[PDB]
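K.L.:
What would the 3D arrangement of this be:
(9 chains)
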Amino acid sequence: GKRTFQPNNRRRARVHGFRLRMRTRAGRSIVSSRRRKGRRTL
Amino acid sequence: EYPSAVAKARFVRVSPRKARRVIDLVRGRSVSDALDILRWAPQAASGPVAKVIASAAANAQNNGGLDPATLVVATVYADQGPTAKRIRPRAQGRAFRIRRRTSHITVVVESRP
Amino acid sequence: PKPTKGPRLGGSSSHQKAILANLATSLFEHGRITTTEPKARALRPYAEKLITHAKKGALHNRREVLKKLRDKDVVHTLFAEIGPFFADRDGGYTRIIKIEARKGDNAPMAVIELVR
Amino acid sequence: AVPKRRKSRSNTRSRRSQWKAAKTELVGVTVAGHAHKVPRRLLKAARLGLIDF
RNA sequence: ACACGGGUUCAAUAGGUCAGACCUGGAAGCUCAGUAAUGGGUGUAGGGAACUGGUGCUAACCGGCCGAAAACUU
RNA sequence: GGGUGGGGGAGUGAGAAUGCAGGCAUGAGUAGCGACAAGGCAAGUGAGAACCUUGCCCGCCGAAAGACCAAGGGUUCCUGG
RNA sequence: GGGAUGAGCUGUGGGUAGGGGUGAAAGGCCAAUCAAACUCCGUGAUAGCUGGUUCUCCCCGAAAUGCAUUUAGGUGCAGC
RNA sequence: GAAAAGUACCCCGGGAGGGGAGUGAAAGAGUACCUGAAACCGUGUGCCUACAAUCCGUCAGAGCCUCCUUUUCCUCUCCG
RNA sequence: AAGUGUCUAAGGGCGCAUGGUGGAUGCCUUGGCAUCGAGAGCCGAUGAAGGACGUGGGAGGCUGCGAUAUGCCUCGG
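P.N.:
Numbers count the residues shown, from 1 in each chain, chains lettered A, B, ... in the order given. Coordinates below:
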C-alpha cells in the first residue's frame, strides 16, 4: 500500500524513448522543440 | 603606555558566543594563569584560545623581547566570522536553513609590572 | 551493597550487573582501572564484599562469588594472591583517585585501585 | 505557544549575561620538575603523577 | 541545578569491617535412609539493602578566591 | 572622473502591496539529535580518542539484523594518502 | 483485531488518458491536488472586489443629499 | 595588483591560521582580496540606573564628564 | 542620643574611539538588447540539422576534430 515510485529503465525507455517519439507527428516536434531550447534529449 | 603584541586566529569553526563564555574568565588575568585555567576549563572549547594566547606570548617574547612572567592579557575579541548555510530535511517537506558559524579571535598582550 | 537511588547504570539493573561484574573482573586482572566516578563508587561495596569473601576463604564463598563473576581465572587469582595479601587489612581494599574528564562528554573520570 | 513579539535588546542581553562559568583553580601544586597548576579535584592525581601536560 | 543541613583527621559524615534488630526460612559440601524421585543430621543454620551501636582501614586532599581601615551637626 | 550656468530628455525620489533577491537578528545557545538490541576494560597508533584499530568479557536477531540472485544505483569494492 | 485454498495476494510484461479512462458505485482514483489531472500556448486572461501607488512648499476648499439604474458595496447627469 | 613580483626566511601552533621580516607606491590591495555603508556582533571607555511603572519622546532641568573664554591664584613670567 | 549624608553596577541604556561580519553605493568590462546600410537566403539519400562514444605527452569539461582523429594533401597569404 505504501508505494511512491518504482523505477524500471526498460519501461522508461519504451514509454519516453525518442524512438517512441518517432511514432507520432507531435513527438517529433517535442525533440525539435527541445533542440531549440538547447537541451539534451531522452 | 602598553606597547602590546597582537595575535589572532581567523576562520575558526567555533561560534563567537561559545568563545565568549570562556573569554570572560581571562580578562585582566596573567597569561600563565589564563593558560592553566583554559587547560582545566570544563567547557572544552578553549583549545584554540590557548593556542592563540600562547602564540601571542611567544611572539611578544621573540619579536618584542618581553618576559611572559609580567605579560598580561589586555583586550580579547570574539568577533563574528563568516557563516555558511546547510539545509536539513524536517517533517512535511520543510527545508530549514542550518548554519555553521565561525569566529575571528583577536588578542593583545603586554607587560604590566 | 546498598541499592542506589535514581537511574540504574545504562539500562536496567541487569545491565548494571553486567557492568559491575566486568569492571570487577578487569580490576582484579589489572589492578588500576580508569573509568567514570559513579562506576567506581558503585563498585566499592561490590569489590569490598568479594574480597571479604576472599579473606574468608571458603568453598561456599567461592560459589557465592561465582554468582557474580562467571569468569573463573580471575577467581583463581583473587583467592590465590589478592585475598591472602589483604588478609591483614580489615576493610578499605580500594582507593579512588580523581582523573581529568573526557574530551567528548566531560564525564567525571576517576581511577580505582587496590591498596597495592 | 509561539513568541508573540521579539524581546528587547535590553532584556535579551540580560539572558545572555546569566549564562556564566564557575571559577576553580589551585596553585602551589609542585610536581616532578616544573611546578604546574591544577584543580583541587585532581591535585591528588597530580601528587601521584597521574596527569598529562 | 542551585540552596539548605552535617562532616572535613582533636574527626564515627558516607563507604568498608565485626556484632545486632528485622527479613528470608533450614544454604553448599559431607554423612545416613530411599531402586530412584526425594527426605533426616551437621543447622533457628546459610544469604542479605537501606535501620542501630562499635571499629579510624581507604576516601574527606599537607591548598585557593572574594572579603572593613568609616562624608557631617546640636 | 566630477562641478557652475543656460537648455533637452527620464527606466527619476519607497515606509508599508500576508512584495521580491541577498545578508543578519528575536525566539536561543532553548528544543531536538532519530524503534525499549548495550555496552565495558586493557594495551597501542596518535598532539588530541566513550565513538577508530587489535585482544578478553557481556548482550541481541537467529523463518531474520544471517547467506546468495533480479530490477535499481553507477565505483560507493581494495590499496595508499 | 478481520481475511488467510480463495470473488485471494503479489512481482515481472502490456493496454484503456481528460468533458475522457476507471469504478463489487464513494461523485473516489488517474504521479502527495479530481463535481473533470498536468505542462505549454491563447495570456500581461478578466473581475462592479481586496491590497499598493515613492520629494517638498504655497493659495483656496466639498458631500455622504435628490432623480433613474438586472440598481442599492458601483456608475452617469444634477447639487457642494 | 601596471607586472605574481602569489609574502623568501624565522618564530608559536598537529595543521588551517597568525605575528615578525620582505616584495610592493600602498597589504589600510593577500587568493575567503578595488572602493567596503547599514542591519548585526563585540570590545575599551565618559555619564545615569537595583522603592520603582506610562509608544520608551519632548520641554523645563540640578550635578558630573569632555572642549573652551575671562578670572582669584601658583610670581615658577622669555614658559604653562 | 537624634538627624543630614556622597560611595555599589551583578548586568543593561546612551554617546565616542577601534575592530569584525556583509558586500550595498561609486568606477569599470572577457558580455548582451535594439537599429540603419550591404551580403547570403538555403542544408540534405554525395547521407543534413543535432547528438552519443572516442582522440592531446600529462585526470575532466568547453571550442575544433573522426580509427588518417586539438590533424593529413594542394595553390596562396
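K.L.:
Which helix runs longest in chain D?
P.N.:
Using DSSP state H, we find that the single longest helix of chain D is helix D:9-17.
K.L.:
Summarise which helices and strands the helix or strand just after that one is packed against.
P.N.:
Downstream of helix D:9-17, the first helix or strand assigned by DSSP states H and E is helix D:43-48. Applying 3 or more CB pairs under 8 Å, 6 or more residues apart in numbering or on different chains; DSSP states H and E, one finds that helix D:43-48 contacts strand C:94-99. C-betas here are computed from N, CA, C, even on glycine.
K.L.:
Mind checking if the strand it packs on is in reach of chain B?
P.N.:
No. Judged by CB under 8 Å from any CB of the partner chain, strand C:94-99 stays clear of chain B, getting no closer than 12.2 Å.
K.L.:
Quick check: residue B:31 vs residue B:109, distance?
P.N.:
As judged by CB to CB, to the nearest Å, residue B:31 and residue B:109 stand 6 Å apart.
K.L.:
For residue A:20, give me the backbone phi and psi.
P.N.:
In terms of degrees, to the nearest 10, the main-chain angles of residue A:20 are phi -70, psi -40.
K.L.:
whoops, I mixed them up, residue A:34
P.N.:
Dihedral angles of residue A:34 (phi, psi; degrees, to the nearest 10) stand at phi -60, psi -40.
K.L.:
from what I can see it touches residue A:41, true?
P.N.:
Yes. Counting by CB atoms under 8 Å, residue A:34 touches residue A:41, with 5.7 Å between them.
K.L.:
Tell me how many other residues surround residue B:46.
P.N.:
When neighbours are counted by other CB atoms under 10 Å in any protein chain shown, residue B:46 registers 25.
K.L.:
what's near enough to touch it?
P.N.:
Residues near residue B:46 by CB atoms under 8 Å, 6 or more residues apart in numbering or on different chains: B:22, B:38.
K.L.:
As a quick check, tell me the outermost residue of chain B.
P.N.:
Most distant residue from the mean C-alpha position of chain B: residue B:92, 40.3 Å away (CA atoms, centre = their mean).
K.L.:
would you say that one is within a helix?
P.N.:
Yes. Under DSSP: H, G, I helix; E, B strand; the rest coil, residue B:92 falls within a helix.
K.L.:
Pull the residues that contact the longest helix of chain D.
P.N.:
B:17, D:7.
K.L.:
near RNA strand E, anything from that helix?
P.N.:
No. Against RNA strand E, helix D:9-17 shows no contacts by CB under 7 Å from any atom of the strand, the least distance being 13.6 Å.
K.L.:
Stretch D:24-33 too?
P.N.:
Yes. Residues of stretch D:24-33 contacting RNA strand E under CB under 7 Å from any atom of the strand: D:25-29.
K.L.:
Give me the buried subset of those.
P.N.:
Neighbour counting by 16 or more other CB atoms under 10 Å in any protein chain shown classes residue D:29 among the residues of stretch D:24-33 next to RNA strand E as buried.
K.L.:
As TSV, the residues of stretch D:24-33 next to RNA strand E with distance to RNA strand I would be great.
P.N.:
Compiled in TSV, those are given as follows (distance: CB to the nearest atom of the strand, whole Å):
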residue	distance to RNA strand I
D:25	18
D:26	22
D:27	23
D:28	27
D:29	28
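K.L.:
count of neighbours near residue 16?
P.N.:
In the absence of a named chain, this looks at chain A. 10.
K.L.:
my question was about chain B
P.N.:
As a burial measure, residue B:16 scores 19 neighbours (other CB under 10 Å).
K.L.:
Ok, the one 4 residues further on next?
P.N.:
With neighbours defined by other CB under 10 Å, the count for residue B:20 comes to 16.
K.L.:
check contacts around it.
P.N.:
residue B:78 are the contacts of residue B:20 under CB under 8 Å, 6+ apart.
K.L.:
Report the secondary structure state of it.
P.N.:
helix.
K.L.:
what's across from the residue nearest to residue B:63 when sequence neighbours are not counted in the sheet?
P.N.:
Ranked by CB to CB, 6 or more residues apart in numbering or on different chains and with sequence neighbours excluded, the top spatial neighbour of residue B:63 is residue B:5, at 7.3 Å. Per DSSP bridges, the residues bridged to residue B:5 are residue B:109.
K.L.:
Verify the stated contact: residue B:5 with residue B:106.
P.N.:
No. With contact defined as CB under 8 Å, residue B:5 does not reach residue B:106; the gap is 11.8 Å.
K.L.:
What separation do you get for the residue in chain C that RNA strand E sits nearest to and RNA strand H?
P.N.:
Scanning chain C for proximity to RNA strand E using CB to the nearest atom of the strand identifies residue C:92 as nearest, at 2.1 Å. For residue C:92, the distance to RNA strand H equals 41 Å [CB to the nearest atom of the strand, to the nearest Å].
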